[PDB]
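K.L.:
Before the rest arrives, take these chains from my complex:
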Amino acid sequence: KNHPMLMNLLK
């Protein structure tokens, strides 16, 4: 499903 927002918050 991909988690673009979560991924960005982890950067």
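P.N.:
Right, received. Where do you want to start? Numbering: from 1, shown residues only, chains lettered A, B, ... in the order given.

K.L.:
Residues in contact with the helix or strand hosting residue A:7: which ones?
P.N.:
Element membership for residue A:7 (DSSP states H and E) is helix A:4-10. The contact list for helix A:4-10, computed with Cβ atoms under 8 Å, 6 or more residues apart in numbering, is empty. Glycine gets a C-beta too; all of them are placed from N, C-alpha and C.

K.L.:
With just CA atoms, put it into PDB.
P.N.:
C-alpha atoms of helix A:4-10 as PDB (Å, rounded to 0.1, in the frame of the first residue of the first chain):
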ATOM      1  CA  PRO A   4       4.900   7.900   1.700                       C
ATOM      2  CA  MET A   5       4.000  10.100   4.600                       C
ATOM      3  CA  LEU A   6       5.300   7.700   7.300                       C
ATOM      4  CA  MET A   7       8.500   7.300   5.300                       C
ATOM      5  CA  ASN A   8       9.000  11.000   5.000                       C
ATOM      6  CA  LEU A   9       8.500  11.500   8.800                       C
ATOM      7  CA  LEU A  10      11.200   8.900   9.300                       C
END
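
K.L.:
Mind listing what's buried along that helix?
P.N.:
By neighbour count with 16 or more other Cβ atoms under 10 Å, helix A:4-10 contains no buried residues.

K.L.:
How far off centre is that helix?
P.N.:
The chain centre lies 2 Å from the centre of helix A:4-10; the measure is Cα atoms, centre = their mean, to the nearest Å.

K.L.:
got it, and stretch A:2-11?
P.N.:
Distance, centroid of stretch A:2-11 to centroid of chain: 1 Å (Cα atoms, centre = their mean).

K.L.:
could you also fit chain B onto it:
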Amino acid sequence: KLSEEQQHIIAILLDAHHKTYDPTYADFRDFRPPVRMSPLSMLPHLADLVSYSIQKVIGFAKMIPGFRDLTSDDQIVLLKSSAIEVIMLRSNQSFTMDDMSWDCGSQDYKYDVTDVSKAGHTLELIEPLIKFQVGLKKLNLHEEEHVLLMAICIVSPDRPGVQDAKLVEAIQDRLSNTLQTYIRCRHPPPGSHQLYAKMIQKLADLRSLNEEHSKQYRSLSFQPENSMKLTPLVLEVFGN
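P.N.:
Okay, chain B now, added to the rest:
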């Protein structure tokens, strides 16, 4: 008796929590306003509070020593599964047994059972959460113990979907040993009595809370009218 590395872990976690948890709750003014009188009048506000909290939990997690060194997929699995549990844990800081509510600085940002009921929850589902908060508050945790507990919750090697369980376990073990040593070295009796065991039991209690509250999330969000009131991050992290 805390090793140099253990003191470092604690120092890092305290700094991480302080930068992701504002005890003044100033940002709450940016949320859609709470409405106390679609009968789910508090859904917009609590959805925003939870979405905001998810962002902060992720911010805390990324600072846990070693977490960012796990694969991105495992980081995602760990956060999706622990998010609601960590929000419950961190919320204990605002929770008060005075009147069984989460007091965030003002009447407008003071949430009780009725408020949660106005976000879709049945009173039956709310009760166990209140009981959990009371039990946790009574442990009178040092902030050091509080941040270690949240970190341990996040890096749990048994979450379904985790690929490198051994790596996740390696981090959790370092955190667990740090917590056990901290309690024995810095927590005076009688508050220290079986404290590690009691704390880990709270993590077990959270699995049950996660299961029941996640079922509620799925039921609530299944209705388009309700999902429309949520946020993009809530839908992504909790499901959509």
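
K.L.:
let's see the buried residues of helix A:4-10 again after adding chain B.
P.N.:
If you call a residue buried by 16 or more other Cβ atoms under 10 Å in any protein chain shown, then helix A:4-10 has these buried ones: A:5-6, A:9-10.

K.L.:
Output the set of residues of chain A in proximity to chain B.
P.N.:
Counting by Cβ under 8 Å from any Cβ of the partner chain, the positions of chain A adjacent to chain B are A:1, A:3-7, A:9-10.

K.L.:
Residue B:43: which of the residues you listed is nearest?
P.N.:
Closest to residue B:43 out of the residues of chain A next to chain B is residue A:5 (20.4 Å), distances taken as Cβ to Cβ.

K.L.:
Tell me how far the closest one lies from residue B:54.
P.N.:
The gap separating residue A:5 from residue B:54 is 9 Å, by Cβ to Cβ, to the nearest Å.

K.L.:
ok, which residues in chain B are in contact with chain A?
P.N.:
So chain B meets chain A at B:55, B:58-59, B:61-62, B:68, B:72, B:75-76, B:79-80, B:232-233, B:236-237 (Cβ under 8 Å from any Cβ).

K.L.:
ranges for the strands of chain B?
P.N.:
Along chain B, counting by DSSP state E, strands occupy B:95-96, B:101-103, B:110-111.

K.L.:
Mean neighbour count added to those, as a markdown table?
P.N.:
As requested, the strands of chain B are exported to a markdown table (neighbours: other Cβ atoms under 10 Å in any protein chain shown):
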| stretch | mean neighbour count |
| --- | --- |
| strand B:95-96 | 17 |
| strand B:101-103 | 18 |
| strand B:110-111 | 20 |
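
K.L.:
Any idea which of the ones you listed gets closest to residue B:194?
P.N.:
Shortest distance between residue B:194 and the strands of chain B, using Cβ to Cβ, is found for strand B:95-96: 22.3 Å.
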